[PDB]
Amino acid sequence: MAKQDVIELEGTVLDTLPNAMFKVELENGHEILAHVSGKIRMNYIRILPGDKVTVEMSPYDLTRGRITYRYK
């Protein structure tokens with residue numbers, strides 16, 4: 001949405017990182033280090049390279065994010 005608090009972006013994950021980290025590339029082709037939300041850590045709703053995921057990130061960051069939604 002249009003916000004000034006959190007920027008909601010999507011990206012496509014290419015690589016799997018250890019410790020709930022993921023290497024995801026934004027729609028713009030930018031690299032971001034992502035973190036899956038606690039629900040994805042606890043619940044087997046795993047992210048696979050090639051998946052498109054919704055990353056929430058701060059306007060002061062845009063290089064690190066956190067995923068709450070995986071595209072289904």
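Note on numbering: residues are counted from 1 along each chain in the order of its written sequence, which can differ from the entry, and residues with no coordinates are hidden. Think of the side-chain values as coming from all heavy atoms in the structure, minus any hydrogens and water.

- Looking at the PDB entry, one finds the protein named Translation initiation factor IF-1, with Staphylococcus aureus subsp. aureus Mu50 as its source organism.
- The record lists the entry's title as "Solution structure of translation initiation factor".
- UniProt positions are given in the numbering used here, feature names are shortened, and annotations may be inferred rather than shown by experiment. In its Subcellular location section, the UniProt record describing the protein reads: "Cytoplasm".
- In UniProt, the protein has this text filed under Sequence similarities: "Belongs to the IF-1 family."

1. What about the overall build of the protein?
Link 1 in the chain: A count of helical and extended segments in the protein gives one helix and five strands.
Link 2 in the chain: Secondary structure elements are defined from DSSP: runs of H or I of at least 4 residues count as helices, runs of E of at least 2 residues count as strands, and each element is numbered from the N terminus. Ordered by position in the sequence, the α and β elements of the protein form the string β-β-β-α-β-β.
Link 3 in the chain: A burial count over the protein gives 26% of its 72 residues as buried.
Link 4 in the chain: Should any heavy atoms of two residues lie within 4.5 Å, those residues are counted as being in contact. Considering only contacts in the protein between residues 6 or more positions apart, those separated by 24 or more positions represent 48%. Think of it in three bands: with a 1.4 Å probe and only protein chains considered, a residue is buried below 20% of the maximum accessible area for its type, exposed above 50%, and partly exposed in between.

2. Structural notes on the pairing of strand β5 (residues 64-70)
Link 1 in the chain: Here the rule is simple: two strands pair whenever DSSP picks up at least two bridges between them. Inspection of the sheet shows strand β3 (residues 31-36) paired to β5 by four bridges, in the parallel sense. From the neighbouring strand, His35 faces β5, where its bridge partner is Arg66.

3. Describing the UniProt feature "domain: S1-like" in the protein
Link 1 in the chain: Listed under "domain: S1-like" in the UniProt record, and renumbered for this structure, are residues 1-72.
Link 2 in the chain: The distance from the first to the last C-alpha atom of residues 1-72 is 19 Å, and the span holds 7% helix and 49% strand.

4. Observations regarding the environment of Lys52
Link 1 in the chain: Tracing the sequence through the fold places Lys52 in strand β4 (residues 52-57).
Link 2 in the chain: What makes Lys52 partly exposed here is its relative accessible area of 28%.
Link 3 in the chain: Spatially, the C-alpha atom of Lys52 lies 6.3 Å from that of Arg70, the residues being 18 residues apart in sequence.
Link 4 in the chain: Setting aside chain neighbours within four positions, we find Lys52 in contact with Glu10, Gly11, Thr12, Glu27, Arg70 and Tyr71.
Link 5 in the chain: Polar contacts here mean pairs of N or O atoms no more than 3.5 Å apart (in protein, one a potential hydrogen donor and the other a potential acceptor; neighbouring residues in sequence count only if both atoms are side-chain atoms). There is a polar contact of 2.6 Å between the side chain of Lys52 and the side chain of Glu27.

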